[PDB]
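Everything below concerns the one structure shown next.
Cβ atoms come from the backbone with ideal geometry, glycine included; neighbour counts cover every protein chain shown. Coordinate-derived values only; no laboratory data.
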Amino acid sequence: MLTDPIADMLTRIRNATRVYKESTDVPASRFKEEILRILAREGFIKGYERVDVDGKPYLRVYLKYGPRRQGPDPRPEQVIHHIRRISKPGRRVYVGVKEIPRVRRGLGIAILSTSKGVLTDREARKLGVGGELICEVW
Amino acid sequence: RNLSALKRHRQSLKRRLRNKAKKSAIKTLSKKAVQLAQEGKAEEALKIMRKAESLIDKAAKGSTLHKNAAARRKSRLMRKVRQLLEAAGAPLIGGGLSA
Amino acid sequence: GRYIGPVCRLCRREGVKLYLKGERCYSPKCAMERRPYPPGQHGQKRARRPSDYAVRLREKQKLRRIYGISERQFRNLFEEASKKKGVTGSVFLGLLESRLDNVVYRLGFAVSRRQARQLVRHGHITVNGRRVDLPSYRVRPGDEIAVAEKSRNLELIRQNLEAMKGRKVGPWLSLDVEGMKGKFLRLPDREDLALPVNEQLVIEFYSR
Amino acid sequence: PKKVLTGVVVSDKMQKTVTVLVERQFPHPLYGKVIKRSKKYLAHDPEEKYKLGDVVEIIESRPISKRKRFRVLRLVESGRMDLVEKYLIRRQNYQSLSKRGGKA
Amino acid sequence: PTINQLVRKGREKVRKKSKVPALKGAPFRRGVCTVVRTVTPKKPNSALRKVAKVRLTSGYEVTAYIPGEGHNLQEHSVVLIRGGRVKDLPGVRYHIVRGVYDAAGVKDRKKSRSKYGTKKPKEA
Amino acid sequence: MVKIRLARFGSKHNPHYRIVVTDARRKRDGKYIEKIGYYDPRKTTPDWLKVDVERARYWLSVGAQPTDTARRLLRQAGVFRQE
RNA sequence: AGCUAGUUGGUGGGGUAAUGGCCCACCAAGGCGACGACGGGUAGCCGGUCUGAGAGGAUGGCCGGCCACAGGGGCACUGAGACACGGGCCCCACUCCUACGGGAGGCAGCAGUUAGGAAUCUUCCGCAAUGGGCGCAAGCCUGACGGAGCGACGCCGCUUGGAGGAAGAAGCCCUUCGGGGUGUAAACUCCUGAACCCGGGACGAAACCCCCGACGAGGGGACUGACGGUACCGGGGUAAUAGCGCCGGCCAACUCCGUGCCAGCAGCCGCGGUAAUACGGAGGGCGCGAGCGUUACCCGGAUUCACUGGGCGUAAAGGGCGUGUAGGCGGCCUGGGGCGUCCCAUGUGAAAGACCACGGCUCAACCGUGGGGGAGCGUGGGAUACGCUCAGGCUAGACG
RNA sequence: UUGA
RNA sequence: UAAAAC
Ligand SMILES: [K+]
Ligand SMILES: [K+]
Ligand SMILES: [K+]
Ligand SMILES: [K+]
Ligand SMILES: [K+]
Ligand SMILES: [K+]
Ligand SMILES: [K+]
Ligand SMILES: [K+]
Ligand SMILES: [K+]
Ligand SMILES: [K+]
Ligand SMILES: [K+]
Ligand SMILES: [K+]
Ligand SMILES: [K+]
Ligand SMILES: [K+]
Ligand SMILES: [K+]
Ligand SMILES: [K+]
Ligand SMILES: [K+]
Ligand SMILES: [K+]
Ligand SMILES: [K+]
Ligand SMILES: [K+]
Ligand SMILES: [K+]
Ligand SMILES: [K+]
Ligand SMILES: [K+]
Ligand SMILES: [Mg+2]
Ligand SMILES: [Mg+2]
Ligand SMILES: [Mg+2]
Ligand SMILES: [Mg+2]
Ligand SMILES: [Mg+2]
Ligand SMILES: [Mg+2]
Ligand SMILES: [Mg+2]
Ligand SMILES: [Mg+2]
Ligand SMILES: [Mg+2]
Ligand SMILES: [Mg+2]
Ligand SMILES: [Mg+2]
Ligand SMILES: [Mg+2]
Ligand SMILES: [Mg+2]
Ligand SMILES: [Mg+2]
Ligand SMILES: [Mg+2]
Ligand SMILES: [Mg+2]
Ligand SMILES: [Mg+2]
Ligand SMILES: [Mg+2]
Ligand SMILES: [Mg+2]
Ligand SMILES: [Mg+2]
Ligand SMILES: [Mg+2]
Ligand SMILES: [Mg+2]
Ligand SMILES: [Mg+2]
Ligand SMILES: [Mg+2]
Ligand SMILES: [Mg+2]
Ligand SMILES: [Mg+2]
Ligand SMILES: [Mg+2]
Ligand SMILES: [Mg+2]
Ligand SMILES: [Mg+2]
Ligand SMILES: [Mg+2]
Ligand SMILES: [Mg+2]
Ligand SMILES: [Mg+2]
Ligand SMILES: [Mg+2]
Ligand SMILES: [Mg+2]
Ligand SMILES: [Mg+2]
Ligand SMILES: [Mg+2]
Ligand SMILES: [Mg+2]
Ligand SMILES: [Mg+2]
Ligand SMILES: [Mg+2]
Ligand SMILES: [Mg+2]
Ligand SMILES: [Mg+2]
Ligand SMILES: [Mg+2]
Ligand SMILES: [Mg+2]
Ligand SMILES: [Mg+2]
Ligand SMILES: [Mg+2]
Ligand SMILES: [Mg+2]
Ligand SMILES: [Mg+2]
Ligand SMILES: [Mg+2]
Ligand SMILES: [Mg+2]
Ligand SMILES: [Mg+2]
Ligand SMILES: [Mg+2]
Ligand SMILES: [Mg+2]
Ligand SMILES: [Mg+2]
Ligand SMILES: [Mg+2]
Ligand SMILES: [Mg+2]
Ligand SMILES: [Mg+2]
Ligand SMILES: [Mg+2]
Ligand SMILES: [Mg+2]
Ligand SMILES: [Mg+2]
Ligand SMILES: [Mg+2]
Ligand SMILES: [Mg+2]
Ligand SMILES: [Zn+2]
């Protein structure tokens, strides 16, 4: 058993991209799927899709990267130079709308889970609501 | 030395005595009444009970008891009295107690 | 209060020309002209590479010494400038520049700042017709700075205000050489002033 | 408004008085983690109406005694010693914490 | 530590021990001299540093350095202690205030005078 | 009894009072119940005396007793004019 | 690390303005504690204050709010109110009177004395102003207060001069002995004119009161200033206090002589044993300036107790291992609830302070006015993603 | 032996 | 060799 599926996911991703994988499977849950959408729309990953491995539901997550590069070490840049978990079991982090942070002066996002669904710090700010600060990506 | 308002003391001692005396009477009569009732002697148990009521209310006219202090006493009195009587019966003189 | 001592030695230390004397500072009789090198028994030896600190110091010393203001008053002004909205550097200068003892100097009633200071003290100056003998008094926009009538006929105010005929006056100021009165038009913009000083360094000195 | 609290009756060895265990949750002031603290209230029960295991509402009342400043508003949920258990046990572990002896 | 841990034990605040039990943390303490010895420097020094055992008002007895070229402190000299150790003589953690009470200022001192209690010499 | 009086707030030689409603027993510069005006005895500005007439009238309506000086100022501001 | 007998609860009383083991009979045998009881130590709490980028740390003097105390202990009387600082009773310690039986007293009110201490003021003026008590009022009382006095203790403003002056006096200091420095600094020339001397001279004070009117609204009139002959205005008018720390690195400022592990310096690293920019003096220089240094103490730098924001193979740090209690934490789907969480409205968040703005003292310090802030908590309404809870389902964890 |  | 010491 995973103690925190959401962190598990952000990591599977963190790890998959650090070795330039093409996709990466993660056990499914609506909530996880919901975050992937934000992740897609913001253009961090190419997208994802429901699949079945060994007969159990997963979520292929097609990752994205920059272009090849010059000089020593041609490995591309990462679209996801960062992806950390904020709230964690046994230390949840909740914020008010005036308390939603601004990741990298806006060049990054923060996915919150509010009583109006899962949204980015901009979306959440817009609808004028706060919630559980899930993670920040940039 | 000599703060002429020693007069306040001088007076408190009088008022003290004046009160102490009014209450001493209230108590004695209250008992007398409670005792008479406790023996079924309704006729006079109330007779005396009324003096007590009257004495109490008068004491409340000035600083002696004044207030709900009186109320409390009249209450606890008629309460004890009516009861000790209704343990033999016959509320004769029907002094202070109603119906 | 105020320095009160050899002022040319200050020019020589900052290596730049400061005008703590008005005339003479223009004449080749100036000390910055004769021996343009630090005062003292070592002013002529090779100056060692100054430390980042020395630089910020010397720079700020320069600016402050230009107005003859005390490190005390000089600092309080800077802290006031910091708090206010707007580029601290600019605001600071506008403030140092709004000092009556200085405005009187800008309007040529005096040849130097140290002189304009004494003019203010000895009541020879006026603000909106009311007397003011506070060198630190802060002139606001619209205020009119004049000369006490009782003073208008002074052997000194003659030359100074006379020699002011046909002379230009800073963009933020207007001078009426006849009525012996000028007007503080607006707070000097950083670019209006041309001081041999880099405020960034100053802002950074008080940063430390 | 008179404060109202909800808890479990963890004792009723007292005449017309039951011990209600109320819990609360709050963000630790510096560390944020939601922590759960709890307190026991001696509520007034004039009819010996409530029993061990009863979850009830307690309401700020006028003093009934030193210590008693609450009355049982109403029964929220009948029997459930699962809660009473935690308590008894947590208190039972106290034995094994001195210089004497108890249980593991 | 985990958060649960910090929630349970929390961090412990750093306490600070004094270098000057001049008691009441008082800036200065008055005392009377016992001895007026001399001491040997340690580590890599050599000289006859002038110390003084002092019985303070604060019910204390401690050694205190006598700064300056030379003093006039006998046995029962009334002195003022000010605190400031002396890297060389372990045990000496205070200084006598030249210029206060029985300890006379320093003579012929023309520079760092406020320290060493020396009035300004007239000149003309 | 409650009162409508002056509370000194200026500074040395620079007195500025506050017309206040405070309990009679309180120190003067102490905790008042309500400010209902102010007064600059040296009338150093065009506005050296303001009074919330509606409010003053309210307190007077419930017992508040003005100082003889506060009564004077309250009058000057038309608290008692009934034309 | 266990605590508890009025102890926890009950019935009936007593008591108070009033609830209540507050107190008393009688009855039950309870109550409290690792979510830290009991004990020990220390301490009046708060608005705020200092510091910090913040989070936080430290703090509670002045001012405002609450509490407690009035030589120490206890008690009640009087009264709307007290268990009463300048009221009462008793015990105690002390001081004073004593014809020895016995009495008198309590500055943690203002001022002052003495003691202790490194250290903290005038036995001042006034009741004019504000406020308070009593009085129908005149008025009386008010060491509350408004003022002055002393102390650079702090903050702010101000002066010890301004302009001209030698390819540059003398003196003093270095020197390649040519000269370099102090330095336009000085003397000088001219100008202004703090101090001081005359003249004028204040706001703060219009009420209470009297008259008219109705003892009201309204109107009219009179008295009253401690600060003070002070502030300030005008006239005249002298060129007239500068000190303190530092100059080896950190750290801005360097040379000669003296001294020779000595005398001494020293915040840390360190410096002095013959040529020391580090000891002492001198010339020169840097910093700051009616102050400048020192000591002590708080925060900072210190992400060095790390929530923001740290670590544990060899640096300090994994428990010798297991079993397991409490606690902490919890896979996937659906539904109810709506505690956590989030949202709107509302109440509260005093004044002062802090922030912004305008304004009053010539400025400022200081002060007045106005505006904007605000976490937390109460109330009403709403949201339901996540956490929690209840109910049902699943098989990917676990177990068989 | 000390110190550098 | 400056000293401690011989
Ligand atoms: K009487
Ligand atoms: K003009
Ligand atoms: K036990
Ligand atoms: K009324
Ligand atoms: K009872
Ligand atoms: K304790
Ligand atoms: K602050
Ligand atoms: K923070
Ligand atoms: K605190
Ligand atoms: K505190
Ligand atoms: K605090
Ligand atoms: K009238
Ligand atoms: K004059
Ligand atoms: K002169
Ligand atoms: K020599
Ligand atoms: K040497
Ligand atoms: K030297
Ligand atoms: K030296
Ligand atoms: K520190
Ligand atoms: K070990
Ligand atoms: K062990
Ligand atoms: K609220
Ligand atoms: K739900
Ligand atoms: Mg009798
Ligand atoms: Mg009465
Ligand atoms: Mg003149
Ligand atoms: Mg029971
Ligand atoms: Mg509770
Ligand atoms: Mg040595
Ligand atoms: Mg020290
Ligand atoms: Mg009126
Ligand atoms: Mg027991
Ligand atoms: Mg009862
Ligand atoms: Mg009762
Ligand atoms: Mg009890
Ligand atoms: Mg304790
Ligand atoms: Mg204490
Ligand atoms: Mg910090
Ligand atoms: Mg700050
Ligand atoms: Mg803070
Ligand atoms: Mg206070
Ligand atoms: Mg005493
Ligand atoms: Mg009474
Ligand atoms: Mg009394
Ligand atoms: Mg007294
Ligand atoms: Mg003494
Ligand atoms: Mg008076
Ligand atoms: Mg009065
Ligand atoms: Mg000379
Ligand atoms: Mg000159
Ligand atoms: Mg003249
Ligand atoms: Mg009068
Ligand atoms: Mg008449
Ligand atoms: Mg009449
Ligand atoms: Mg009138
Ligand atoms: Mg240097
Ligand atoms: Mg020699
Ligand atoms: Mg020697
Ligand atoms: Mg030195
Ligand atoms: Mg030498
Ligand atoms: Mg040096
Ligand atoms: Mg040095
Ligand atoms: Mg810093
Ligand atoms: Mg820290
Ligand atoms: Mg570490
Ligand atoms: Mg080892
Ligand atoms: Mg190790
Ligand atoms: Mg091991
Ligand atoms: Mg468990
Ligand atoms: Mg779950
Ligand atoms: Mg759980
Ligand atoms: Mg659903
Ligand atoms: Mg649910
Ligand atoms: Mg809720
Ligand atoms: Mg609110
Ligand atoms: Mg406020
Ligand atoms: Mg102004
Ligand atoms: Mg305000
Ligand atoms: Mg808010
Ligand atoms: Mg609400
Ligand atoms: Mg609500
Ligand atoms: Mg719902
Ligand atoms: Mg289930
Ligand atoms: Mg098994
Ligand atoms: Zn020049």
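Some notes on this structure:
- In chain A, the longest principal axis of the Cα atoms and the axis of helix A:5-18 are about 30 degrees apart.
- Amide H contacts of residue E:49 (H built 1.01 Å from N, under 5 Å, at least 5 apart or other chain): E:39
- One quarter of the surface of the convex hull around the alpha-carbon atoms of chain A equals 9.6 nm², the direction-averaged projected area.
- In degrees, nearest ten, helix A:30-41 long axis to first principal axis of chain A (Cα): 70
- HN-Hα J in Hz across segment C:116-124 - Karplus 6.51, -1.76, 1.60, θ = phi - 60°, x for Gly and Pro: 4, 4, 5, 4, 5, 4, 6, x, 4
- Burial ordering of F:33, A:45, B:56, fewest other beta-carbon atoms within 10 Å first: F:33, A:45, B:56
- Base-10 log of normalised Debye intensity for the protein assembly as shown (one unit scatterer per alpha-carbon) at q = 0.07 Å⁻¹: -1.25
- Estimated vicinal HN-Hα couplings, Hz - segment A:60-66 in sequence order (Karplus 6.51, -1.76, 1.60; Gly, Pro = x): 4, 10, 6, 7, 10, 9, x
- Longest exposed-site-free window of chain B, the sites being trypsin sites (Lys or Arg not before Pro) in a DSSP loop that have at most 16 other C-beta atoms within 10 Å: B:2-60
- Rounded to the nearest 10 degrees, the inclination of helix B:7-37 to the longest alpha-carbon principal axis of chain B is 10 degrees.
- Fewest-first ordering of F:54, C:155, C:97 by other beta carbons within 10 Å of each residue's beta carbon gives C:155, F:54, C:97.
- A viscosity of 1.567 mPa s and a temperature of 4 °C, combined with the Kirkwood radius over Cα pairs in Stokes-Einstein, give a translational diffusion coefficient for chain D of 86 µm²/s.
- Long-range HN-HN contacts of residue C:125 with modeled amide H, under 5 Å: C:132, C:148
- Along chain F, longest interval not containing exposed trypsin sites (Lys or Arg not before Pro), exposed being DSSP loop plus at most 16 other Cβ atoms within 10 Å: F:44-80
- Trypsin sites (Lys or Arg not before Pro) within segment A:61-101: DSSP coil, no more than 12 neighbouring Cβ in 10 Å: A:68, A:69
- Kirkwood-Stokes translational diffusion coefficient of chain B, alpha-carbon pairs, 37 °C, 0.692 mPa s, µm²/s: 223
- Ranked list, fewest to most other Cβ atoms within 10 Å of each Cβ, for E:65, C:206, C:26: C:26, C:206, E:65
- Other-chain or far-sequence residues with amide H under 5 Å of residue D:18's (modelled H): D:43, D:45
- Principal axis dimensions, chain F - Cα atoms, whole angstrom, descending: 34, 33, 18
- Expressed as a fraction of 2.2 N^0.38 Å, the C-alpha radius of gyration for segment A:81-138 is 1.01.
- Applied to segment F:49-60, the Karplus parametrisation 6.51 cos²θ - 1.76 cosθ + 1.60 on θ = phi - 60° returns per-residue 3J(HN,Hα) values of 5, 10, 8, 6, 2, 4, 5, 3, 4, 4, 4, 4 Hz, with x for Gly and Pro.
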